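Trainee: I am attaching a structure below and will ask some questions about it afterwards.
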Protein chains: 4
Amino acid sequence: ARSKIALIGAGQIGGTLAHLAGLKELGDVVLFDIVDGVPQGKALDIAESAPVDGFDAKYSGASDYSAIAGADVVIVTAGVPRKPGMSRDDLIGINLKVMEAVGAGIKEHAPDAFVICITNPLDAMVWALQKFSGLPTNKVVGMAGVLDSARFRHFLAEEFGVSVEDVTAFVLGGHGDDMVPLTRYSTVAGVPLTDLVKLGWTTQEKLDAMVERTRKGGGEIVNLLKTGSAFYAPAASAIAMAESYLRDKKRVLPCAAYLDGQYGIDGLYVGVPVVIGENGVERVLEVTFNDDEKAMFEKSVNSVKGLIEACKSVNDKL
Amino acid sequence: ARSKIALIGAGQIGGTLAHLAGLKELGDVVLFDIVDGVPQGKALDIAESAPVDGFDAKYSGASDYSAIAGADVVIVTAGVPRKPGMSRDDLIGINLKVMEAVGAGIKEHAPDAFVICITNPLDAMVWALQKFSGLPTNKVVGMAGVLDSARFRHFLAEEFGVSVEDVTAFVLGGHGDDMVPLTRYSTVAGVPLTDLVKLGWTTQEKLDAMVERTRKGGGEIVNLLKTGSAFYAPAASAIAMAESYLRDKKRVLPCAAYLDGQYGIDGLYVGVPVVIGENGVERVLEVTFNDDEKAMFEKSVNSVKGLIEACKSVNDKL
Amino acid sequence: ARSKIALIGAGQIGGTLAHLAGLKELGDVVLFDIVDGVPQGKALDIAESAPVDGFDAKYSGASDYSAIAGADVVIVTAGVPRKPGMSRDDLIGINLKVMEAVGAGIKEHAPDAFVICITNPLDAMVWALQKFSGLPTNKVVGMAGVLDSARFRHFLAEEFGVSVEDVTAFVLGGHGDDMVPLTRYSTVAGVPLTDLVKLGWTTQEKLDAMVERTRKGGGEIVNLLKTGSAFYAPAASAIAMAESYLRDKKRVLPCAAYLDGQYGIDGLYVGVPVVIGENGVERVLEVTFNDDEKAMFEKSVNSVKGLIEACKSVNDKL
Amino acid sequence: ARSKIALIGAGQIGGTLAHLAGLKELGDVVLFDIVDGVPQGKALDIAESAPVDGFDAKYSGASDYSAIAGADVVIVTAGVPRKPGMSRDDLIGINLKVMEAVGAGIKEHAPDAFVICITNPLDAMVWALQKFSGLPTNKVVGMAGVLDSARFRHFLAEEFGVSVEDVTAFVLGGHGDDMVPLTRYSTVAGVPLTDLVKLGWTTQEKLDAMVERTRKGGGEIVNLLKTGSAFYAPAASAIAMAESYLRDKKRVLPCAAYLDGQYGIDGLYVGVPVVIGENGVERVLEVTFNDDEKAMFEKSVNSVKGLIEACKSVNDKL
Ligand SMILES: [Ca+2]
Ligand SMILES: [Ca+2]
Ligand SMILES: [Ca+2]
Ligand SMILES: [Ca+2]
Ligand SMILES: [Ca+2]
Ligand SMILES: [Ca+2]
Ligand SMILES: [Ca+2]
Ligand SMILES: [Ca+2]
């Protein structure tokens, strides 16, 4: 069989995942959502596009988890976004029940899948999805860091006037105030950003502003669109993860991953650089922090611990 | 300079055009729409995706036509869709004024552009846009037939269980009842569909049903999505046209094109197979019809004439 | 595991196969040849290229068949070319012994492979390789027709001044005088070549000359190079076949395939259009001939029968 | 017009350049060499391959410089390789006269070209070609460092078991003993190699061995092939440079480039990281050396000075 990718959620990110998976000839695609219509429509629309570039891929839409059977990769975008007038607790409340339903469908019908979560709040939902589904911890990851890395690379490539291919961004942690950037492990052509300031290729103030722009990057897009959130960069980010699994590329990508003692952490999903191959999360790359970074990381992990406490307070199973 | 593609309309088709143009490294992209926000948001979101695959392209959003200056290709999706409760005349009424505004921006700021129209009703709006803009008739085309061809190829590839790469669909005219398919010039690996029925690879009833499904294909997607229309296949179709221009590929593509006496028609835009290269519409391929086809084509051109009469009745300039 | 492609023969076609397989991210590659050195050198050179486009593929060279173990696809270019001063019988003599050795390595170490033969004379060597290896007849094919089709498409695209993407060539049989072209099933945008002559897009004499140029096409390249034969088009042709297998594309490609009664032939490999998918040769497309074509096909199959008789006369096992 | 790439030399690197340029749809290709036959044969063979992937590109072969007229990029591989029994002086002697002839053809017929030299010894031949041709110094570069970088990235990706996409190698200078690697500016996912030794991901001895393997890398391939030198990695390397020019990507690539005082050097071609865009060499990235590196760089520039002295001693014009 060709590889099979199931997409749980057929909204703007889901649709974009499905389109990218066709264009990149990754395999056959099933779009799932709770109500018939949109999944089947988007599937057929992309199927109908396929003769133009010449990709051969089966597309279907479904509202029964049986349709995801034997999926090699599952990408989860199901759930609601954070509104103008709802608490973290009500978001967690609604989206945890979504994760329970999703996790039970994956458990029954695609237990060998590599699962990529992109439901918010990410570090909590992926932890929950793994627990609900029972899948091996190395087979469930969250997409976050690749997106922050992609935005920071864009800003850096702009600032230096160089190709996006020759910029590297090193981030850990989560988004926003929970992001932990290491500008010393971010580079142009191998030269750290910290050294580029010393060369006069940029300034400290410009560098700090790009880091802050990365922190704020999701909101920046929300403020422009007014309705809805980013979807092109989030979808490309998750597809990079999926492709590394499917093609056993062993990319090193910052992802929310289950820590078994790496970074001094046990039993939590945290944004860290991981090797993704055909066996899932194969290795975590644990860097050595300076003081500012250790303090930033600890703050960010405390934020995650806070979220998990809130999940547990609203769900017996967790 | 890299090539410059301006996209007039930043809705679902526009966004998908912009994403495809990046992925295919066609050049820099300007998204235009009447109100700031969405164009700039989608532009930045796609820009931010770019480091993941490594495409180098400038993206921007704008609400001033000055931003399209010197565009090599302009793709127009501006305007409103046909509603549940509005007449052809009110659609034409609203969208003609859109074409006047668009045509004046192209005239002033990208007079050398190759222009691809995807505002409805297509055969009328492209005719109008050319008239309003004053651009050479060979430099303004409408996207329609490639989309019908793509849907019919999908259905055929399904039916025969063969690659989408080895199916060819021949269509002329417009969509729906105005489509003029030639199943005898549609093939699998060079073998006409009419001969595949004789071989027993399909049946006449199945073939007729695929032709009818192609006619109904846009509505099929609308019925599934419930809100909004197809956008992946329409965007891929227009990008194939744009790429043929930009790369001087000389693809032979069914497009709404200005006829200077080909097919016995003068002064109308009609869906015909055209060679698209760096000089725009370079040649029209005028096939020889059988009787059923000639009658179908004449009906379809009468429908176009009807539309143009309606345009003229609601606009002095036309 | 990633897919595994073994290439038996590390000459110019083999090297080009290996390069294409990397660029197209088809999987890991083993280059085999009888003497160490060249396979390992070409493998390492391509491996070393890989960081430039970013393909992840393992490359190795070997002179032991154990190295091909579990290959998903095997492509055979081993053997000698026809010289200025050697008979068909001495070519067959030398290359049959090559096929025996190759077939025994495939039998032992990659019995589930899809095997693509490109040792001359093609219709005989593939028949022999299948017999020596014992693999299922649907899992062993010869590359020939795709190459003739590719050359004829190039000539046609030149003549009409249109994209190579919009030309289809229909050929059966073998090369040279054994080729059986059907110009009526060859098209530009679905319009048969026979109809393009009637439209004045070309002439009968030009069409006949392109058919003859296709027949002579391998020699044309030999006359220019002076040492050695074509290798880019032959390698691209075989990779199209391999990709259809690996990605289950179900391309319809003219290939030397084992006939179980199709075209009225039993027990011979003949150039025919076949559906290639994950199960190998899945279906043969048997067209209906006109008189000239039936006579051409019968002549061409008699030529194949002649070759097989010659093989049998020089090998007990056959 | 499509972009035009002229390839001066139709040997194994030239052929591979031509194939890559087609596959990557960079433009039309002219293969030049001194004797008719091989250029025209390889051109036609690649042209004939093109329908298989669907690239539209004109290919031709020529032995008159008029055929390169208006080339946007010229890639020079003409000349002889260093033999088992010839001196540096006889190599320089023969290949300087080649550069004079090439430079005069470029001067007359493609004076606006971006020129990429890959004739040995590289740092001298590119300096000579620029002088003979009279083209702007920012429009003539040599391919060397990208190749060393590509080989070192391959070795590193092997050693760490990670994707080639996530490794960066920083080299300056020339090949062999004249290479100046900076392992501290070489990274996996932004983490310097020096830090990966501290993490235990590799060892110092392994790192040193990969650096030495990079130095010896061209000879390693020569020892395996026995006849001829590497060609896949050299061709991919030069195409990356050409693509950055053609698509205005502003890649940062180590290339032999004319120094106007950067790195403390005036009037010499030296391997340094340069920004390549539509204006040629746009900026040199001048890093800050530690002591070991400064001494290595000075040794390597003294070697270049030695070569240039030898050129001047055998040519009045220089
Ligand atoms: Ca393809
Ligand atoms: Ca530790
Ligand atoms: Ca690239
Ligand atoms: Ca006529
Ligand atoms: Ca990639
Ligand atoms: Ca039969
Ligand atoms: Ca194409
Ligand atoms: Ca300086």
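What follows draws every value from the coordinates through simple rules; no lab data is involved. Methodologically, a virtual Cβ is constructed for each residue, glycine included, from the backbone with ideal geometry; neighbour enumeration extends over all protein chains shown.
Trainee: If the label for A:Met86 sits 7 angstrom from Cα along the Cα-to-Cβ line, what are its distances to the same label in every other copy, in nm to one decimal, shortest first?
Mentor: The answer, with the shortest distance listed first, is 3.2, 7.5, 7.5 nm.
Trainee: A further question on this structure: Name the most mobile residue of A:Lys107, A:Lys42, A:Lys83, meaning the one with the largest mean-square fluctuation, in a Gaussian network model of chain A with Cα contacts below 10 Å.
Mentor: Among A:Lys107, A:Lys42, A:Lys83, the largest GNM mean-square fluctuation belongs to A:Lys83.
Trainee: Just how far, in whole angstrom, is segment B:15-56 from segment C:153-199 if you go by their alpha carbon centroids?
Mentor: 39
Trainee: I need the Debye-formula profile for the protein assembly as shown: one equal scatterer per C-alpha, no solvent, reported as log10 I(q)/I(0) at q = 0.04, 0.08 1/Å, two decimals.
Mentor: -0.22, -0.96
Trainee: Continuing with this model, one more query. Near the amide H of A:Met179, under 5 Å away, which other amide H atoms are found, from residues 5 or more places off or on another chain, if H is placed in the peptide plane?
Mentor: A:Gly174
Trainee: Suppose we look only past 14 Å in the calculated P(r) of segment B:130-193. What percent of the Cα-Cα pairs does that tail hold?
Mentor: 60
Trainee: Counting only residues 5 or more places away or on other chains, whose amide H sits under 5 Å from the amide H of B:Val74 once H atoms are built in the peptide plane?
Mentor: HN-HN under 5 Å from B:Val74: B:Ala6, B:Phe114, B:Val115, B:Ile116.
Trainee: Follow-up. If you take the square roots of the eigenvalues of the alpha-carbon gyration tensor of segment A:78-169 and sort them as a ≥ b ≥ c, do you get rounded (a/c under 1.5), prolate (a/b over b/c) or oblate?
Mentor: Here segment A:78-169 falls in the oblate category.
Trainee: Suppose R0 equals 35 Å; then what is the FRET efficiency for B:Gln204 and B:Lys312 from their Cβ-Cβ distance, rounded to the nearest 0.05?
Mentor: Using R0 = 35 Å, I get an efficiency of 0.25.
Trainee: So if I average 1/r over every pair of distinct C-alpha atoms in chain A and take the inverse, what Kirkwood radius in Å does that give?
Mentor: The Cα-based Kirkwood calculation yields 20.0 Å.
Trainee: I've got another one for you. For B:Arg251, C:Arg151, B:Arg215, which order do you get if you count the other beta carbons within 10 Å of each Cβ and list the fewest first?
Mentor: With the sparsest Cβ surroundings first, the list reads B:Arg215, B:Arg251, C:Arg151.
Trainee: Please compute, over every Cα-Cα pair in segment C:1-144, the percentage with a separation greater than 18 angstrom.
Mentor: I get 53 percent for the Cα pairs in segment C:1-144 exceeding 18 Å.
Trainee: Identify all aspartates and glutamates with a Cα-Cα distance to B:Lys249 below 13 Å; exclude those on the same chain that are fewer than 8 residues away in sequence.
Mentor: Candidates past the 8-residue exclusion: B:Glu278, B:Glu282, C:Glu158, C:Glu165, C:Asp166, D:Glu25, D:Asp28, D:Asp56.
Trainee: Once you place label points 7 Å from the Cα toward the Cβ at A:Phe289 and B:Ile94, how far apart are they in nm?
Mentor: Here the modelled spin labels are 5.5 nm apart.
Trainee: Still on this structure, please answer the following. To the nearest 10 degrees, how steeply does helix D:145-160 sit against the main Cα axis of chain D, on a 0 to 90 scale?
Mentor: Between helix and principal axis, roughly 50 degrees.
Trainee: With the cut-off at 19 Å, report for segment D:268-318 the share of all Cα pairs above it, as a whole percent. Walk me through the numbers before you get to the answer.
Mentor: Details: 592 of 1275 pairs.
Roughly 46 percent, rounded to a whole number.
Trainee: At what distance in nm do the modelled label points of D:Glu278 and A:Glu108 sit from each other, each positioned 7 Å from its Cα along Cα→Cβ?
Mentor: Inter-label distance under the simple model: 5.7 nm.
Trainee: Ok, one more. Pairs of Cα atoms under 8 Å, at least six residues apart: use those to get the relative contact order of chain A, whole percent.
Mentor: Normalised by residue count, the contact order of chain A is 16 percent.
Trainee: Sticking with this one: Is segment B:95-140 best put as rounded, prolate or oblate by its Cα gyration tensor, with a ≥ b ≥ c the root eigenvalues, rounded for a/c under 1.5, and otherwise prolate when a/b is larger than b/c, oblate when not?
Mentor: It comes out oblate by the Cα gyration axes.
Trainee: Let me ask you something else. For label points placed 7 Å from Cα toward Cβ, what is the shortest-first list of nm distances from B:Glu286 to its copies?
Mentor: Taking the point 7 Å beyond Cα along Cα→Cβ, the inter-copy spacings are 4.3, 6.7, 7.7 nm.
Trainee: Across segment A:235-247, in residue order, what do the Karplus-derived ³J(HN,Hα) couplings come to in whole Hz, using 6.51 cos²θ - 1.76 cosθ + 1.60 with θ = phi - 60° and x for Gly and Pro?
Mentor: Working through the residues one at a time gives 5, 4, 4, 5, 5, 4, 5, 4, 5, 4, 5, 5, 9 Hz.
Trainee: Moving on. Only bridges with both residues in chain A count here: give the DSSP antiparallel percent, nearest 5.
Mentor: 50
Trainee: Running a GNM on chain C with Cα contacts under 10 Å, which residue among C:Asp291, C:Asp28, C:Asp36 ends up with the highest mean-square fluctuation?
Mentor: Of C:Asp291, C:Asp28, C:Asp36, the most mobile in the Gaussian network model is C:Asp291.
Trainee: Setting aside same-chain residues fewer than 8 positions from A:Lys97, which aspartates and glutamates have a Cα under 19 Å from its Cα?
Mentor: Straight-distance partners of A:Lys97: A:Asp33, A:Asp64, A:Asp89, A:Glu108, A:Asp123, A:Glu309, A:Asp316.
Trainee: Could you pull the Rg and Dmax for segment C:145-318, using just the Cα atoms, both in Å?
Mentor: 16.8, 56
Trainee: May I pose another question? Using Cβ contacts closer than 10 Å as the measure, can you line up B:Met179, D:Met143, D:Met296 from fewest to most?
Mentor: Working: B:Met179 24, D:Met143 28, D:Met296 20.
With the sparsest Cβ surroundings first, the list reads D:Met296, B:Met179, D:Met143.
Trainee: Report ³J(HN,Hα) in whole Hz for each residue of segment C:68-78, in order, from the Karplus equation J = 6.51 cos²θ - 1.76 cosθ + 1.60 where θ = phi - 60°; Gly and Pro get x.
Mentor: My calculation for segment C:68-78 gives 8, 3, x, 3, 7, 9, 10, 10, 9, 10, 5 Hz in order.
Trainee: Provide a whole-number value for the mean count of partner chain Cβ atoms within 10 Å of the Cβ atoms in peptide C:35-47.
Mentor: Across C:35-47, the average partner-chain Cβ count within 10 Å equals 6.
Trainee: For B:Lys226, place a label point 7 Å from Cα along the Cα-to-Cβ direction in every copy; what are the distances to the other copies, in nm, shortest first?
Mentor: Ordered by increasing distance: 2.5, 7.2, 7.4 nm.
Trainee: Helix A:122-133: angle to the longest alpha-carbon principal axis of chain A, degrees 0 to 90, nearest 10?
Mentor: With rounding to tens, the tilt is 40 degrees.
Trainee: Then there is this: If you find the alpha carbon centre of segment B:209-252 and of segment C:254-318, how far apart are they in angstrom?
Mentor: Distance between centres, Cα-based: 40 Å.
Trainee: Using the alpha-carbon atoms, what tilt in degrees (0 to 90, nearest 10) does helix C:88-109 show relative to the longest principal axis of chain C?
Mentor: 50
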